[PDB]
Structure formats: structure tokens, C-alpha cells
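**Student:** My questions all concern the structure below.
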Amino acid sequence: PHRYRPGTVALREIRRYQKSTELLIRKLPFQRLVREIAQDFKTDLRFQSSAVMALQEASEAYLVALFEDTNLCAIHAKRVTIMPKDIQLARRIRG
Amino acid sequence: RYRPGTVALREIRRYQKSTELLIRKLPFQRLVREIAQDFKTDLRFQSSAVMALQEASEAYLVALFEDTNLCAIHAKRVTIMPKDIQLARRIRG
Amino acid sequence: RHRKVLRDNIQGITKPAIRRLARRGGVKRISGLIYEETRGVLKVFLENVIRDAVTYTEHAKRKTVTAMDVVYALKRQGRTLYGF
Amino acid sequence: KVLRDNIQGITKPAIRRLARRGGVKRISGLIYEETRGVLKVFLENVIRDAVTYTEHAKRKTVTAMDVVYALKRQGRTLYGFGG
Amino acid sequence: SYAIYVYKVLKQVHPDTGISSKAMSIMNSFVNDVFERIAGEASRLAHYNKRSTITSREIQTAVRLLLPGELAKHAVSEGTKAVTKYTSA
Amino acid sequence: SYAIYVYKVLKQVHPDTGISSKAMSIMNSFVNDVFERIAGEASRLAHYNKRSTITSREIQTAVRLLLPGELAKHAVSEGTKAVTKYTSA
Amino acid sequence: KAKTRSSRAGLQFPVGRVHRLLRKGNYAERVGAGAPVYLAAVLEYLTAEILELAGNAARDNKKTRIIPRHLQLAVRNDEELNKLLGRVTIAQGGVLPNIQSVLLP
Amino acid sequence: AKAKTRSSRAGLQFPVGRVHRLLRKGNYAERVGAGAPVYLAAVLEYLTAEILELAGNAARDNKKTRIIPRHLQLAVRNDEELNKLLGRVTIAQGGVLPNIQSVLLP
DNA sequence: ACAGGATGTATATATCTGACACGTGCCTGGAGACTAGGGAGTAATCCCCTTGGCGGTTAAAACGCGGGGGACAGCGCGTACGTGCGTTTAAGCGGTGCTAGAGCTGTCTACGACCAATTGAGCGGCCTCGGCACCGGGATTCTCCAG
DNA sequence: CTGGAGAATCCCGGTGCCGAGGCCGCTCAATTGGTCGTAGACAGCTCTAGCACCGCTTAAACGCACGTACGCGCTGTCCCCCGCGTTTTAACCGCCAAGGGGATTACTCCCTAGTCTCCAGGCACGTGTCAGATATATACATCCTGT
């Protein structure tokens with residue numbers, strides 16, 4: 001078979017997905033997660049798809065920036081694989 | 001007479017146990033007036049304003065270095081470095 | 001009978017999708033605990049913000065969350081988004 | 001009168017003691033100067049903003065409350081001086 | 001400052017306990033600070049919801065935004081009793 | 001929205017350039033957001049120094065507090081120049 | 001015989017003061033009647049929350065007079081209030097006795 | 001009698017009326033000084049012109065005439081004073097500036 | 001690692017002072033009650049678009065088959081910061097000296113809120129087309145198994 | 001470590017659509033021109049506290065001498081996630097189909113600002129006293145030094 005080298009696919013996605021801006025989580029399952037968690041609060045809630053698309057935009061963008069700071073912490077901790085406790089530090093500093 | 005490390009731990013206990021300000025009022029006040037020189041002529045200062053500046057200054061250092069310390073301890077070391085402060089400056093903006 | 005009766009939709013956020021999002025975030029190498037931990041943290045954040053959004057919704061006594069609700073909710077924690 | 005060497009008014013022992021109050025266990029020699037530089041710029045920002053408030057108010061005297069307002073501007077509210 | 005009111009409530013919680021003036025000042029900025037947060041967020045709540053009236057419904061929403069969980073629920077309790085006695089007085 | 005105004009300034013700066021709808025919405029949110037920020041700081045400026053009117057003084061001080069360096073200074077230059085023109089016009 | 005809105009609502013905190021700052025604080029065209037009562041209830045409840053914990057703090061140091069230290073301990077020891085007010089600075093308060101585990105011997 | 005728009009008095013296109021109206025309706029102070037809408041709108045328009053010019057140029061950098069959010073992101077975040085002004089807001093459909101740490105580059 | 005000596009720090013006890021607590025003089029901020037104007041809820045309606053249903057194609061998730069690579073520990077080197085005590089300084093102690101300028105009171109001016117009337121710029125909807133997505137294929141660009 | 005081969009995207013050439021941009025009514029938001037009450041700069045003067053001055057001790061900062069104790073690189077280990085295609089489903093995409101409920105108008109309540117008055121709760125500000133500052137000696141806690 002044909003195989004790319006370890007790390008190349010990462011950077012190719014870095015430059016590509018930094019050039020593009022579309023949402024990467026599956027639309028319908030994430031939207032149903034929103035609806036499902038939302039079920040417990042008010043009866044017969046209906047959700048606009050595009051509003052959830054905006055929710056995914058802010059959500060994924062939020063995760064993106066939070067992972068950027070987490071990554072600066074890992075590199076700051078002289079490592080290249082971020083770990084959960086790094087995110088926990090980020091959340092602690094943020095609040 | 002104490003071997004290395006004991007007195008530092010004592011300062012941790014006493015100064016985390018006490019609350020008074022640690023900076024001399026007059027040199028700090030002169031620093032405020034000297035930096036203040038450059039903007040408006042004939043400026044006057046309250047002593048208690050200098051006191052609030054000392055309070056804010058020392059407490060800001062204490063809390064900021066606690067967060068710095070969380071970064072250092074997070075980074076598996078026991079000696080803080082400027083880089084941690086730089087990270088604090090970026091994350092706080 | 002393709003009903004979606006409320007189960008494991010947090011697993012919709014999948015491993016290669018998390019990896020690709022991280023690539024857009026610039027992350028280079030990813031541990032296995034990051035994926036589920038990311039699902040949990042994301043869930044917590046959305047519960048907080050969306051919960052506040054629902055509080056706006058119940059004051060408005062509505063059953064459809066509009067985009068402005070999301071805007072006001074994100075602003076309440078200081079995370080205003082431009083373009084809505 | 002020209003004031004000079006007031007960067008030394010935030011003394012190194014004070015920095016160590018505050019660091020102990022801050023929980024620091026070991027303190028590099030670079031930490032002290034890093035503290036004077038970063039802390040200096042920060043204090044310049046806060047005090048500078050306070051002076052901007054003073055220049056707005058057409059006053060010659062900076063009050064403690066002015067310092068309180070300056071701290072609130074950066075989201076760092078201080079309790080125990082009024083307000 | 002809130003000297004006499006923190007004094008009255010303090011005497012309700014600990015009748016044999018006093019307080020220094022500086023700590024009372026801390027309470028003054030503390031109450032005024034939280035107060036400013038609540039009033040500002042309530043302002044955003046009323047205006048963002050195209051309303052020009054801040055009532056206990058809007059304040060209730062504000063409490064739900066700022067106070068976490070059970071603290072907010074006991075705020076609902078205290079507000080409920082307080083408003084109750086007031087509407088009966 | 002601010003659409004036609006972004007269009008006017010856009011043609012004054014780049015007559016042959018267009019803008020996407022989403023970018024126009026972003027600009028609308030930007031102007032409204034930053035507008036609320038600056039007006040809020042001007043309001044607390046009025047609070048601090050016990051003023052009840054936001055004049056050129058408050059706006060200038062608000063810019064000098066909020067905007068860094070060259071943007072702030074030249075913003076005062078353009079604004080102040082414009083106000084002088086307003087005294088003329 | 002007149003009587004304060006606080007006591008008629010069974011409150012200690014000044015309904016008039018909070019109402020006054022709200023009226024002259026430029027927040028809305030009009031402010032509902034339940035808003036000051038409810039807000040004062042929130043303030044009195046929070047004040048009880050801090051004064052109880054602070055009283056305990058005074059008890060631990062064998063004192064009957066509150067000093068800033070008791071407020072710092074009172075706020076920073078209540079996790080919900082501490083987390084809610086984590087970015088607040090108290091003059092002459094110090095910090096919590098809090099040493100990271102690895103720093104302890 | 002004939003009238004000339006108050007925006008034109010400063011030779012500006014941005015609405016002195018709308019900004020002035022939103023300030024009055026925004027519950028900030030009891031009265032609004034005459035220099036506040038003209039001066040404030042002038043500063044906001046000035047900053048706006050900076051951002052629009054940079055976005056226009058950046059859009060031209062792909063030989064495209066329609067400005068997209070990505071160039072709003074690239075344009076705003078590469079200016080230190082605006083980046084400091086806008087550090088906690090995120091641009092939808094814009095992404096993030098390319099920023100890969102030196103130790104991460106091959 | 002194991003424990004008492006020795007010193008710091010809290011503790012016991014006792015006294016002396018000033019800040020804390022309480023008293024008085026005085027008023028002004030809050031409450032009553034009523035007016036007065038007008039914000040927002042409510043009822044019922046219309047109809048956008050979400051929901052609810054089918055159906056085709058395949059995007060994309062999940063799984064299987066390699067194997068490269070990164071967190072992490074040990075370890076060893078080497079460097080540098082704290083502690084101590086004595087010296088030295090100028091702040092501290094405390095004490096001095098008079099009025100600058102901050103704060104108040106009394107002017108007087110000017111301006112923004114507001115209303116009504118005006119009106120042309122801006123708003124919403126409705127076309128119309130070429131920038132750009134799509135398309136296909138070569139140049140460039142970016143990556144990868146080999147000397 | 002440089003390099004030719006291969007694949008992806010850009011670019012170059014070729015194709016058409018629809019959203020973007022221009023057009024066309026439609027208000028209403030922005031303008032002027034007043035009027036009215038008041039925010040605030042200013043005039044005059046002050047008295048808190050800000051400037052400014054004096055002298056010795058030692059608190060505090062600083063310097064010198066000593067030892068110990070800290071980051072960090074390297075090599076190595078290993079486990080676990082990367083890489084990729086294939087299979088599979090309902091995501092996606094394209095389409096059919098109802099009516100929930102958002103948004104509006106249509107009414108009317110009822111809800112809160114606003115004022116004046118009034119007065120007692122509460123403010124400012126004095127004064128005594130006991131909590132605490134201070135004094136003084138000590139057991140207990142803690143480190144260390146030998147064991």
C-alpha cells in the first residue's frame with residue numbers, strides 16, 4: 001500500500017484546516033446531543049439546525065483556542081503530546 | 001542557625017499566616033512619584049493611596065506567583081523560571 | 001422507526017474528528033485520554049453556557065432557542081462571537 | 001529634585017518574602033529582575049491609567065479611590081480602601 | 001459603609017463578636033462590587049430581552065446566572081419569604 | 001446593520017472590492033460589541049468622577065484608557081480635528 | 001408610625017440604600033418592585049454565609065473581633081463562593097494556608 | 001429651509017444619528033455631550049477603516065474581490081494593538097492565524 | 001532512619017494604652033400615599049421553517065493490520081542561591097512648621113432632553129449576472145522511499 | 001542529507017449558478033429649531049493634610065563567606081496512537097409533507113417612576129475602656145545534630 005510518514009498527515013491537516021473553516025464534528029449527532037441534554041429543561045423544545053451550526057462554530061472554535069493554550073503549556077512543559085491535566089491547568093487558570 | 005531550606009518554609013508559614021505589607025512605604029512612594037513625574041505638573045498623592053498601591057502590588061505578586069507556581073509544579077520542577085511568568089502574561093493577556 | 005431516543009450522543013464527537021479539530025488547533029500528537037476527556041470538558045462547558053441560554057429561554061417562555069440566545073449566553077461568560 | 005534608583009525600592013528580600021507568601025519554594029536570580037521588569041510594566045499600566053483618570057478629573061491629587069477604580073478597570077478589584 | 005447593617009446581621013449570627021473598620025470597608029466594597037455585577041447583568045438581561053423593566057423575574061434570572069446552584073436556590077428561598085412578608089405587609 | 005456604511009467606507013478605500021455576507025455580519029457584531037464596551041467604560045468614567053454627562057472629555061479619556069498607542073493618539077487627532085471641523089461646519 | 005421596608009419585609013439590610021443605588025445607577029428605565037427586596041435578600045443571605053464562616057475563623061484564632069484575615073479565609077474557603085470570587089483581591093487578607101502536596105516534605 | 005446631514009459636517013459616512021441614538025438608549029449617563037457622537041463615531045469609523053482596508057488588501061492577496069471572514073481573522077490578529085483590543089472574541093468562519101511553534105516545525 | 005536538645009513560636013500571665021464601642025447632637029434619606037403615564041403580558045391569529053416522513057449515494061465512522069515515536073524515569077554533572085551575621089544606610093521614630101490646594105459655597109452661563117415637524121437617506125424586497133464553485137488537466141508544490 | 005517520483009493543491013483553461021450587487025418603492029431615522037431646567041466651570045476662600053525640615057537607632061536593606069541542592073540533557077524503554085483502506089449506516093443529500101410555535105396585532109391591565117412631606121434611623125463626632133499591644137518567661141513544635 002501507499003503510506004504517508006508519521007507527522008505529515010497532521011501538518012497537512014494543520015495547514016489545510018487552517019486554510020478552511022468548516023465544522024469537523026458530525027452535524028446530526030452533535031445536534032442531537034444538544035437536544036438530548038436540552039430535554040431535561042422545558043417540554044417540546046425544537047432547535048434550529050443553523051443555530052446548532054453556530055453552536056458548533058463557537059464550541060469547536062472554543063475547543064480550538066483552548067487546545068492552542070494547552071499546546072503552549074505542553075511545549076512550555078517541553079513536551080509535544082498534550083495530556084488531560086494540561087487542559088485541567090488551563091481550566092483552572094481560566095476558572 | 002538553620003541549614004538550607006528551613007527558613008524559606010518558615011517564611012511560607014509565617015507570611016502565609018500573617019497579613020502585613022512587606023515593602024517600605026517611602027521608597028515605594030518615591031517610585032510612584034518618580035514614575036508619575038512624566039504626565040502632569042504639580043501632582044499630589046495620598047499616603048493611603050500609596051498604601052493601596054502597596055497592597056495591590058504585593059497581593060498581585062503573591063497571587064500571580066501562585067498561578068506561576070502552579071505552572072512550574074505542573075512542569076514537574078521546583079524552581080520557577082521567567083517562562084512561567086511569560087505564560088501567565090499571555091494567558092491573562 | 002429510526003427514532004433517536006437519547007443515548008450516548010456524546011460519543012458522536014469521535015476520535016478522528018477530535019484529531020482533525022486538534023490539527024486545526026495546531027495540536028501535533030494526541031493521547032488516548034484526551035478524546036473522552038475532551039468530550040467531558042466540552043459537555044461541562046456547553047452545560048454551563050447552554051444552561052444559561054435555557055434560563056434566557058424560560059424567561060422568554062419559548063420552546064425554540066434562537067441564535068441571539070447563544071450570543072447573550074456566550075457574552076455572559078465573556079465569549080462573544082462575531083457574525084450572528 | 002530628580003528621583004533615581006527607585007527600581008531598587010521593590011527590594012529583593014521583599015520579593016523573596018512575597019514569593020514565600022506566594023508559595024514559591026526556590027527562586028532563581030533571573031526571577032528578581034523578571035519581577036521588576038514585568039511588575040514594573042504592569043504597575044506602569046495601572047498607575048498610568050489612574051493618572052489618565054486624574055487628568056480627566058482636572059485634579060492635582062490622586063486619591064486611594066482612584067487606585068481602586070484603576071484596579072477595577074483591569075478586573076482586579078481591591079477591598080479595604082473605600083467604595 | 002455597611003457598618004451598622006453588617007453589625008446588625010453580625011449580631012444575629014454572633015452576638016459576642018466585633019469587627020475592625022478595615023474589614024467593614026472590605027464588606028462595603030464587597031457588597032457594592034457584587035451589587036454592580038448583579039445590576040449590570042440585570043441591565044443586559046432586560047435590554048437583550050427587549051425589555052425596559054428590571055423586576056424580581058429579571059433579578060431571579062440574574063441570580064441564576066451569577067450564583068451557582070444551591071446558593072441560588074436559597075436565594076430563591078430568601079427572596080420568596082422576603083417578597084411574601086412584604087406583599088403581606 | 002452597518003452594511004451600507006461598510007459598503008461606503010469599502011468603496012472609499014477599495015472601490016472594486018466586495019465582501020461576503022458572513023463577513024458583513026461579523027462587522028455588524030464587531031461595531032455593536034466594541035460600541036457597548038466603550039460606552040460602558042464611558043459610563044463608569046462618569047460614575048468615578050461623579051459626572052452625569054458623557055462629553056468629548058469622557059470619550060477622549062475612554063479612548064486613551066482603552067486604545068493602545070498610535071491608534072489612540074491618531075484617533076484623538078482625527079476625532080479632535082473632526083470636532084474642530086464641526087465647530088466650523 | 002412609619003417603618004422601614006426591610007423590617008416590614010423582615011430584613012436587616014437597607015432596602016432604601018440598594019433601591020437608591022439602583023435608581024441612580026443608570027441600569028434600566030424602571031426597576032420592578034420585587035427587585036430590591038429580592039436583591040437585599042440575596043445580600044443578607046450571602047452576608048450570613050460569610051459572617052458564619054468568618055465567625056468560625058475568629059473562633060479558631062481565639063478572637064472576638066473580625067479582621068480582614070477572617071474575610072479572606074471566609075470567602076476563599078467556600079469553594080462555590082471562592083470559585084465565583086477567585087479573581088478578587090482583599091487588602092490585609094493574606095491567602096489560604098495552601099501548600100501544594102509535592103512542596104510538603 | 002435646506003439641511004445638510006450632521007455626518008457630512010465631519011465629512012463622514014457613518015451614522016452620527018444611529019450611534020447617538022444607541023448611546024442615548026443604552027443607559028450610560030443622564031445626558032450626552034455634543035462631542036460624544038461625532039468624536040466617538042469618528043474614532044470607531046477610523047478603527048473600522050483600518051480593519052476594512054487591511055481586510056480588503058488581504059482579500060486581494062488571493063486575487064479575490066469578495067472579503068471573507070478568514071481575511072478578517074488574518075487582518076485583525078496580525079495587528080498587536082487590535083489583537084490586544086480583541087483578544088477574547090472569536091471570529092466565526094475565520095479560523096486562526098497560522099502559528100506553529102519552532103520546535104513543532106519539521 | 002531515630003530522638004532529644006535548642007530555638008522559634010505559640011502559650012501563660014500581667015500590665016497599660018488607644019481604637020473600638022458607645023454616647024450625644026443633628027438631619028436627610030427613606031417611606032406613605034397618591035398620581036400619572038405607559039411597559040409588558042395576554043388572546044388569538046398567520047405561516048416559516050422545523051419536524052416528520054421516504055429514498056438514493058456515499059461521507060464518514062469503525063475496525064483491522066502494521067510499527068514509529070513520545071512521555072517518562074534514572075542518573076550523573078554542574079552550577080547558584082539561601083542562610084548567617086555584621087555593616088551600612090536612610091527609613092523609622094517622633095517631632096517640627098505653615099499654608100497649598102482640596103473641598104466647599106456662591107455665582108452665572110450653556111446644553112441636552114424633548115417635541116413636533118420635516119425629509120431624504122436608508123430599509124426590504126426583487127431582479128440580474130459574473131465571481132467563483134465546479135471541472136479537467138498541467139505546473140507547481142509538497143512529500144516520500146533510496147544512494 | 002540530497003534527491004527524483006508521485007500525489008494534492010494551485011493554476012490554467014472551460015462551464016453555469018445564484019447570491020451579490022444593483023434597482024425600485026417605502027417609510028422613519030436623522031435633522032433643525034426652539035424651549036426649559038439644570039450640570040458644571042468658575043469666583044472666592046479655606047483648613048486638612050501635603051510639603052518641607054531635624055536628628056539618632058536600628059529596622060531593613062546589603063554585602064561577604066559558605067555549602068548544598070537544583071535543572072536539564074542523554075540514553076533508553078515501551079506502549080499506544082498514527083496511518084490506511086475497507087466495510088457499513090444513517091449522515092448526507094435530495095425530496096415530500098404538517099402544523100408547532102414564533103412573531104405579530106389587538107386590549108387592557110397594572111406596574112413603577114416621581115414628589116413632598118416627615119421623622120427617626122442613622123450620620124459625624126466626641127470619650128472611656130478593655131482587647132489587644134506589649135512584656136516576660138516558658139512548654140511545645142520542629143529541625144537537626146549526633147546516634
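We label chains A, B, ... in the order they appear in the C-alpha cells, count residues from 1 in each chain, and number ligands from 1 in the order shown.
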For residue 32 in chain I, work out the shell of residues within 10 Å, counting only C-alpha atoms (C1' of nucleotides) and skipping chain neighbours fewer than 4 positions away, then give it as a ChimeraX atom specification.
**Tutor:** /G:2 /J:117-118
**Student:** Give me, as a compact mmCIF listing (two decimals) with N, CA, C and O atoms, in the first residue's frame, all polymer residues having an atom no more than 9 Å from range 76-86 of chain E, counting only C-alpha atoms (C1' of nucleotides) and skipping those fewer than 5 positions away in the same chain.
**Tutor:**
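Output below, filename result_26.txt:
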```txt
# COMPACT_ATOMS: atom_id res chain seq x y z
N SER E 56 -38.01 41.35 39.81
CA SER E 56 -37.54 40.15 40.51
C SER E 56 -37.49 38.93 39.60
O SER E 56 -36.88 37.92 39.96
N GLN E 60 -34.18 37.43 39.36
CA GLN E 60 -34.18 35.99 39.58
C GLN E 60 -33.29 35.31 38.56
O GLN E 60 -32.46 34.45 38.90
N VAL E 63 -29.66 36.16 39.39
CA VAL E 63 -29.21 35.31 40.48
C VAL E 63 -28.85 33.94 39.95
O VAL E 63 -27.80 33.38 40.30
N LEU E 71 -26.74 27.80 46.32
CA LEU E 71 -26.68 29.19 46.76
C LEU E 71 -27.79 30.00 46.11
O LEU E 71 -28.47 30.80 46.77
N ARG G 5 -38.75 49.47 54.98
CA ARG G 5 -39.16 48.41 54.07
C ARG G 5 -38.45 47.10 54.37
O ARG G 5 -38.97 46.03 54.07
N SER G 6 -37.25 47.18 54.95
CA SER G 6 -36.53 45.98 55.34
C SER G 6 -37.27 45.24 56.44
O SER G 6 -37.61 44.06 56.28
N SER G 7 -37.60 45.94 57.52
CA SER G 7 -38.27 45.32 58.65
C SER G 7 -39.69 44.90 58.32
O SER G 7 -40.17 43.89 58.85
N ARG G 8 -40.39 45.66 57.47
CA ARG G 8 -41.71 45.24 57.01
C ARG G 8 -41.62 43.98 56.15
O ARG G 8 -42.57 43.21 56.08
N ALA G 9 -40.48 43.78 55.50
CA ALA G 9 -40.20 42.55 54.78
C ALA G 9 -39.39 41.61 55.64
O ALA G 9 -38.97 40.55 55.17
N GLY G 10 -39.15 41.99 56.89
CA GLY G 10 -38.36 41.21 57.83
C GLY G 10 -36.90 41.11 57.47
O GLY G 10 -36.30 40.04 57.60
N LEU G 11 -36.31 42.21 57.01
CA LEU G 11 -34.93 42.23 56.58
C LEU G 11 -34.15 43.19 57.47
O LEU G 11 -34.70 44.09 58.10
N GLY G 34 -40.18 43.89 43.13
CA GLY G 34 -39.60 42.77 43.83
C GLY G 34 -38.10 42.72 43.71
O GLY G 34 -37.46 41.97 44.46
N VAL G 37 -36.18 44.03 47.07
CA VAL G 37 -36.43 43.08 48.14
C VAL G 37 -35.66 41.79 47.89
O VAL G 37 -34.99 41.26 48.78
N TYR G 38 -35.74 41.29 46.65
CA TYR G 38 -35.06 40.06 46.28
C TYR G 38 -33.56 40.22 46.37
O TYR G 38 -32.86 39.34 46.89
N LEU G 39 -33.05 41.35 45.88
CA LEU G 39 -31.62 41.60 45.88
C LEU G 39 -31.09 41.72 47.30
O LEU G 39 -30.04 41.16 47.62
N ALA G 40 -31.80 42.47 48.14
CA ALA G 40 -31.43 42.60 49.55
C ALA G 40 -31.47 41.25 50.25
O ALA G 40 -30.67 40.99 51.15
N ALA G 41 -32.42 40.39 49.86
CA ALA G 41 -32.46 39.03 50.40
C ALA G 41 -31.21 38.26 50.01
O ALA G 41 -30.66 37.50 50.83
N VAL G 42 -30.76 38.43 48.77
CA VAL G 42 -29.55 37.77 48.30
C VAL G 42 -28.34 38.27 49.08
O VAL G 42 -27.51 37.48 49.55
N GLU G 44 -28.31 39.72 52.12
CA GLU G 44 -28.38 39.29 53.51
C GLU G 44 -28.02 37.81 53.64
O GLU G 44 -27.35 37.42 54.61
N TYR G 45 -28.47 36.99 52.69
CA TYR G 45 -28.13 35.57 52.74
C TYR G 45 -26.63 35.35 52.57
O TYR G 45 -26.02 34.57 53.32
```
**Student:** Between CA of residue 30 in chain A and CA of residue 11 in chain C, what is the spacing in Å?
**Tutor:**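 Separating CA of residue 11 in chain C from CA of residue 30 in chain A is a distance of 8.9 Å.
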**Student:** Using only C-alpha atoms, determine which residues of chain F fall within 7 Å of chain C; present them as a list in words.
**Tutor:** residues 22, 23, 25, 26, 29 and 30 of chain F
**Student:** Put chain F on top of chain E with a least-squares fit on all C-alpha atoms, paired in order, and send it back as a JSON list (two decimals) with C-alpha atoms, in the first residue's frame.
**Tutor:**
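As written to disk, out12.json reads:
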```json
[["chain", "number", "residue", "atom", "x", "y", "z"],
["F", 1, "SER", "CA", -20.86, 52.46, 54.19],
["F", 2, "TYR", "CA", -22.65, 49.28, 55.19],
["F", 3, "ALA", "CA", -21.07, 49.42, 58.67],
["F", 4, "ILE", "CA", -24.08, 49.41, 60.99],
["F", 5, "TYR", "CA", -25.80, 46.80, 58.82],
["F", 6, "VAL", "CA", -22.82, 44.48, 59.12],
["F", 7, "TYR", "CA", -23.10, 45.32, 62.82],
["F", 8, "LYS", "CA", -26.82, 44.43, 62.95],
["F", 9, "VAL", "CA", -26.40, 41.14, 61.07],
["F", 10, "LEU", "CA", -23.21, 40.47, 63.04],
["F", 11, "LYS", "CA", -25.06, 40.77, 66.35],
["F", 12, "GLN", "CA", -27.92, 38.67, 64.99],
["F", 13, "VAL", "CA", -25.44, 35.92, 64.12],
["F", 14, "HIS", "CA", -22.71, 36.45, 66.75],
["F", 15, "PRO", "CA", -23.72, 38.94, 69.49],
["F", 16, "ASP", "CA", -20.30, 38.92, 71.22],
["F", 17, "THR", "CA", -18.10, 39.26, 68.12],
["F", 18, "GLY", "CA", -16.55, 42.43, 66.72],
["F", 19, "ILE", "CA", -14.89, 43.27, 63.43],
["F", 20, "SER", "CA", -11.80, 45.20, 62.41],
["F", 21, "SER", "CA", -12.10, 48.51, 60.54],
["F", 22, "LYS", "CA", -10.26, 47.18, 57.49],
["F", 23, "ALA", "CA", -12.56, 44.15, 57.40],
["F", 24, "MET", "CA", -15.54, 46.53, 57.50],
["F", 25, "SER", "CA", -14.10, 48.46, 54.55],
["F", 26, "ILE", "CA", -13.60, 45.16, 52.69],
["F", 27, "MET", "CA", -17.25, 44.28, 53.32],
["F", 28, "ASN", "CA", -18.28, 47.73, 52.07],
["F", 29, "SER", "CA", -16.28, 47.27, 48.85],
["F", 30, "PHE", "CA", -17.66, 43.74, 48.51],
["F", 31, "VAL", "CA", -21.30, 44.79, 48.70],
["F", 32, "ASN", "CA", -20.79, 47.73, 46.34],
["F", 33, "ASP", "CA", -18.75, 45.67, 43.84],
["F", 34, "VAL", "CA", -21.04, 42.61, 43.68],
["F", 35, "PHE", "CA", -23.98, 45.03, 43.68],
["F", 36, "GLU", "CA", -22.67, 46.73, 40.53],
["F", 37, "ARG", "CA", -22.02, 43.31, 38.93],
["F", 38, "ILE", "CA", -25.52, 41.92, 39.55],
["F", 39, "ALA", "CA", -27.22, 45.18, 38.58],
["F", 40, "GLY", "CA", -25.16, 45.20, 35.39],
["F", 41, "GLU", "CA", -26.22, 41.66, 34.49],
["F", 42, "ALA", "CA", -29.83, 42.62, 35.20],
["F", 43, "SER", "CA", -29.39, 45.60, 32.86],
["F", 44, "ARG", "CA", -28.07, 43.44, 30.01],
["F", 45, "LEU", "CA", -30.88, 40.96, 30.74],
["F", 46, "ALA", "CA", -33.22, 43.90, 30.15],
["F", 47, "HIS", "CA", -31.31, 44.63, 26.93],
["F", 48, "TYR", "CA", -31.43, 41.05, 25.57],
["F", 49, "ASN", "CA", -35.17, 40.50, 25.95],
["F", 50, "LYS", "CA", -36.09, 44.17, 25.25],
["F", 51, "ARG", "CA", -37.33, 44.92, 28.74],
["F", 52, "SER", "CA", -37.10, 48.39, 30.24],
["F", 53, "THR", "CA", -37.98, 47.44, 33.82],
["F", 54, "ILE", "CA", -35.95, 45.27, 36.19],
["F", 55, "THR", "CA", -38.55, 43.34, 38.22],
["F", 56, "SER", "CA", -38.46, 40.13, 40.28],
["F", 57, "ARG", "CA", -38.13, 38.28, 36.96],
["F", 58, "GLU", "CA", -34.83, 39.96, 36.12],
["F", 59, "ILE", "CA", -33.41, 39.59, 39.63],
["F", 60, "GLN", "CA", -34.36, 35.90, 39.81],
["F", 61, "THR", "CA", -32.93, 35.21, 36.38],
["F", 62, "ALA", "CA", -29.82, 37.22, 37.26],
["F", 63, "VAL", "CA", -29.25, 35.19, 40.42],
["F", 64, "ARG", "CA", -29.85, 31.92, 38.57],
["F", 65, "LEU", "CA", -27.31, 33.00, 35.95],
["F", 66, "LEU", "CA", -24.75, 34.27, 38.45],
["F", 67, "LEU", "CA", -25.05, 32.21, 41.54],
["F", 68, "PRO", "CA", -24.14, 28.51, 41.58],
["F", 69, "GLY", "CA", -26.34, 25.81, 43.11],
["F", 70, "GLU", "CA", -27.54, 25.81, 46.72],
["F", 71, "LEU", "CA", -26.81, 29.51, 47.29],
["F", 72, "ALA", "CA", -28.90, 30.45, 44.26],
["F", 73, "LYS", "CA", -31.81, 28.08, 44.99],
["F", 74, "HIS", "CA", -32.09, 28.95, 48.68],
["F", 75, "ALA", "CA", -31.51, 32.60, 47.78],
["F", 76, "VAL", "CA", -34.63, 32.29, 45.61],
["F", 77, "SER", "CA", -36.36, 30.55, 48.52],
["F", 78, "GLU", "CA", -35.54, 33.31, 51.02],
["F", 79, "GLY", "CA", -36.13, 36.09, 48.50],
["F", 80, "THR", "CA", -39.38, 34.65, 47.13],
["F", 81, "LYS", "CA", -40.60, 33.89, 50.66],
["F", 82, "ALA", "CA", -39.73, 37.48, 51.62],
["F", 83, "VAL", "CA", -41.62, 38.90, 48.62],
["F", 84, "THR", "CA", -44.62, 36.78, 49.65],
["F", 85, "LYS", "CA", -44.28, 38.31, 53.12],
["F", 86, "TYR", "CA", -44.14, 41.71, 51.41],
["F", 87, "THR", "CA", -47.42, 40.90, 49.70],
["F", 88, "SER", "CA", -48.70, 40.01, 53.16],
["F", 89, "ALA", "CA", -47.05, 42.89, 55.06]]
```
**Student:** I want to know what sits within 12 Å of residue 46 in chain I, based on only C-alpha atoms (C1' of nucleotides), with residues of the same chain fewer than 4 positions away left out; could you give that as a list in words?
**Tutor:**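 Returned residues: residues 99, 101, 102, 103, 104 and 105 of chain J.
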**Student:** If you run DSSP on the backbone, which residues of chain F are strand (DSSP E or B), as a PDB file with C-alpha atoms, in the first residue's frame?
**Tutor:**
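The resulting file, part25.pdb, is reproduced below:
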```
ATOM      1  CA  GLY F  18     -16.807  43.231  -2.278  1.00  0.00           C
ATOM      2  CA  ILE F  19     -17.472  41.465   0.996  1.00  0.00           C
ATOM      3  CA  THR F  53     -22.878  63.734  31.025  1.00  0.00           C
ATOM      4  CA  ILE F  54     -20.606  61.903  28.600  1.00  0.00           C
TER       5      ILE F  54
END
```
**Student:** Would you list which chain I residues are within 8 Å of chain A using only C-alpha atoms (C1' of nucleotides), as a ChimeraX atom specification?
**Tutor:** /I:50,68,70-71,144
**Student:** Residues at most 12 Å from residue 74 in chain B, counting only C-alpha atoms (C1' of nucleotides), excluding those fewer than 5 positions away in the same chain, as a list in words?
**Tutor:**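 My reading of the contact set: residues 73, 74, 76, 77, 78, 83, 84, 85, 86, 87, 88, 89, 90 and 92 of chain A; 66, 67, 68, 69, 79, 80 and 84 of chain B; 100, 101, 102 and 103 of chain G.
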**Student:** Please report as a ChimeraX atom specification which residues of chain G come no farther than 6 Å from chain E, using only C-alpha atoms.
**Tutor:** /G:9,13,27-32,34-35,38,41-42,64-68
